Structure formats: C-alpha cells, structure tokens
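Here we start with a single chain on its own, the form deposited in one PDB entry, put down as structure tokens.
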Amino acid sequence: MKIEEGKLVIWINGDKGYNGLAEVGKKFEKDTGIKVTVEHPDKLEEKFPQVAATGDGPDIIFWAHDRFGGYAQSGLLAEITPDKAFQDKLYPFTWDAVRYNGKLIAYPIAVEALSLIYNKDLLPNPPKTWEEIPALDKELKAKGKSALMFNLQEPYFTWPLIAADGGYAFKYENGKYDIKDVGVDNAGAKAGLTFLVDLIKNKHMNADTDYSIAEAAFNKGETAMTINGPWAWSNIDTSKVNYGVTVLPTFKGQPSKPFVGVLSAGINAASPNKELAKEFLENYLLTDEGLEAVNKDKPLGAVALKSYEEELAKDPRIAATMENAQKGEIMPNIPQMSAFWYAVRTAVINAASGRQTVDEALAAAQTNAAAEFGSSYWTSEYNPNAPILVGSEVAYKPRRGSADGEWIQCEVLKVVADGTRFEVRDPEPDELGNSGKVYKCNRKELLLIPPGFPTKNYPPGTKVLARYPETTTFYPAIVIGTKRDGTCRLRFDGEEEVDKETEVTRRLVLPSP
C-alpha cells in the first residue's frame, strides 16, 4: 500500500488558522480512530504539485481557488461529490469558483478580499484616494512614521491598484476567459503601476518591503496604513494597535479592484483516503462549529457556509471585506493563472527595483501572461526555480563540455514536452569552434537566472555558482559577504593559489544544486 494510506494529511498556508484546523482534526480523530495531521509548508502553492505529481502529498490542500484549475488540469485533484442538500449549505457563487471543465474540484471555505487597514490613532480619517498618500506620508515622516506599507514582493497586493483604472488579467468573452486577450499592459495598468513606482521614487515606499516587514511595521505603530486580508487581523488584535478596516483608496476616481479569492479545500486525486477526506470536510469542517474553530484562530473572511456567515455578517471588518470584494473581481481559475501571476510578480518587482521601466515591465508581462513554461529540478530558498520560458536566461550544464563544475549562460529558445524539456542556445563556441549551437536538455541540466534584482542575500559561507566577470561562464565559489547595495563579495574556488575577493552582481550568483 501507499505510504499515505490509513491517515489524513492536510496542508494549509502558514498565515491561516492551522491550529484551529487541527482542533477540528482532533474532533474527527475521536470519532474515527484515524490520525489527522495539519501542516503548513513554505511555498505551499508550488510544493503541492511537486509532490502530488509523484502520487504523494497531502490528502487535502487548502489555497485560493485560482490555483485549483491548474491543479485539476494537471490531474492532481479528484472530483468532489457533495449531494444537493450539502450544496445548498454554501452560496452558489462559491461553488462556481471551484468548478473546472463543468465539474466541482474543491470545497469552498471562505471569500477573501484585500482591505485598507489603518491606525485610527495616527490616522482617524484615512484617505479616500491613492493620490493623497504622498502628502500624507511626508507629514508622517516628520514624526518618524510612514503613511503606507504592504507586501511589494507578491503581485496580489498591488493588483487592486493596477486594475483600478482599467488593468485586467484575461478578458471574459463567449462564456470563457480569452487567454489571447490580456490586459496587463493597457493604459490603466500602466497608470496604476506608474503611481506605485512614483511612490518608491519619491521615498514614500521601499521596493524591498515584503509581507514580514509590512506586518511588523503596522503592528508596531510605525506605519499608518497597510493592505492585507482577514487572516492578518488576529496578529493586529494581539499588537493592541487601534485599527480599522475600510474600502481601499480610489485611483483616478476609480475604486481599487482587488482580485477576490475563495479559499478552497481540494482532495488529492492520488489519495487513498478520498471518502475519509469527504467526511472530514463535509461533516466536520464545513459546520458552524468547525469553521468557528478555524476562524477564532485566524479570521477566514466571509465564509461560504451560509449558516455561519449569518453570524459574521454583522462584523464591520467583514462588511468592509465584502465592499472591497464587490468592487473587485473573482479570479479566474484557468491553468494560465500560474503564468499570469509569475508575469505580474516579475513586472511589479522589476518596475519597483528599477530593473525595468513600467512600459518595459508590462510589455514583457503581456507576452508571458499565458506562456508555456518549465521549472528546474533544483529548488532553493534564494532563487525561484520557475518560470523557465522562451527568452529566459539559464545556466546550462553541458553533457560533454567544461569539466570544473562549470555551467554556461544560455538563452531558452523553446519549451517542449509539457515544460519538461528545453532548447537552449549556447553563445560560446562548440567543440568545432561554432557559437550559437542549440541544445536539448531536461529539468536537471539548467538553473533559472533571475530576470530581476533578487532581494534575498546569501549568508556568508554559502556555496554558489557565479558568472566570472567579463565572461558568460559560471564557476563554483563561496559567499564571503554582501555589500550594502546587494553585490556579492565572492571567493572563486577556481584558482590554484591565492584567496582573492571578486565582486559579482547578485543576479548572476546562483545557489549551487
């Protein structure tokens, strides 16, 4: 039998109520005699398909519904079978969010939408518009505070601003999303991102601000505002900050349009515990008592279960959540959402860092929003391993090339075999002295070179592969330190005598497999 049989393993993101979920798990254990294990792995959304593809992984996976169409398409999610009476318990619109190719592929849990969260003491009257934040910031800077801080590393948080004046993902036509009609590069999208970049250029925000930094700053009363979802309210409650939750600011007179997510629970198609998982989800979790346990740990938002949402509706923070939801748009769940999110993340981060102009960033995003891509077999906490698409720069290990653990900087010309194989062009001359040779390779023979300026520094001592200055070749090296600007001080283990120190751009320093 599969190692997975005879137990129930559940994965949910670390920012949500996993302890509350485990309480529901315990109630289930008492009745069934079966162990339930709740885990919250890092990079969950990408980790799931990694393990589920081998027939392993959790029996149940929790995530916003946008990822689930891709999971289902890849054959990773079982069709669920709630009867009509169970379906009646949840809002019809939540079920629509978990339908793929006409079949239900997950149980809806809760509606999530970003809201403006503000410190009432610092800012009793929050701004109605994005346009007034610059002035507000300079006033707060004079008192050692800032106006606004939110995660600039995940495009989820910047999307409401991009969409405000006309930006969109995929156009919905003829009862379906048109993957050839992408709106990430229109006048509206450009206007939104430009405003964001201008905030950074004018020292109103830092391009390096991530989730952790933004949350800490708000919860310590150092910033007047933040942009986050219901899950975050719990930590703010503990902080003692006198906060309110309200409608996001308008941009160019238009309401901000956050992408609305439906937190959903899918069943692993390879799971030998499917009926058990159904019972858990339908009869334990999706009950007033079950959702209450999770909600009390970390607020779920507007829950899909009507009976319980009736209790939560009176909450002004929930009213604010739904007001923003109403102004926003439920995300598509099509498989192209993975490429879309990669494209917009790269564009936002690159425009923020100055790696690209807004027009350059969004032009590339439009090209790659629905593009085929692969991932490198090798993963790291320091560099992403995806997407590898046409035009990506990669480090390639030739099968009969240079012997000293060296890789060549190549360009991806083609993604084939369902993203599992690549054609890459070698700028260096082959054994016949001819440069520009195209090679076919698998996922283990290449590493993704970041298309931007990585924010994550290597700790001293880290073993790396770095391009030698003036060359297009990667050599083994150790990280000695990191300059203030992020440049890596390296010691190439290459020469035969002295420990020199060579500076190399962080983008060209890769984690050794």
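For the two forms, the rigid core is made up of the largest set of C-alpha atoms that agree within 1.5 Å on superposition. Each residue number is its position in the shown sequence, starting from 1.
Keep in mind that the form solved in complex with a partner chain is not shown, yet the notes after this line are about it.
- Only one of 263 to 271, 101 to 109, 353 to 361, 423 to 431 lies within 4.5 Å of the partner chain in the deposited bound form by heavy atoms, and it is 423 to 431.
- Under a 4.5 angstroms non-hydrogen atom cutoff, the partner chain in the deposited bound form lacks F453 among its neighbouring residues.
- The partner chain in the deposited bound form comes within 4.5 Å of no heavy atom belonging to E411.
- Within this chain, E503 is remote from the site of the partner chain in the deposited bound form, having no heavy atom within 4.5 Å.
- Put simply, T471 is close to the partner chain in the deposited bound form: some heavy atom of it is within 4.5 Å.
- Contact with the partner chain in the deposited bound form, judged by any heavy atom within 4.5 Å, is made by just one of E222, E372, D315, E406: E406.
- Checked against the partner chain in the deposited bound form, the candidates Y458, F48, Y475, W63 yield a single residue with a heavy atom inside 4.5 Å, and that residue is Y475.
- Rigid core superposed between this form and the one not shown, residues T246, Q254, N151, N383 considered: the one with a C-alpha shift of 2 Å or more is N383.
- Relative to the superposed core, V479 shifts its CA atom by 2 Å or more between this form and the one not shown.
- Once both forms are fitted on their rigid core, the CA atom of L465 lies 2 Å or more apart between this form and the one not shown.
- With the core superposed, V394 shows a C-alpha displacement of at least 2 Å between this form and the one not shown.
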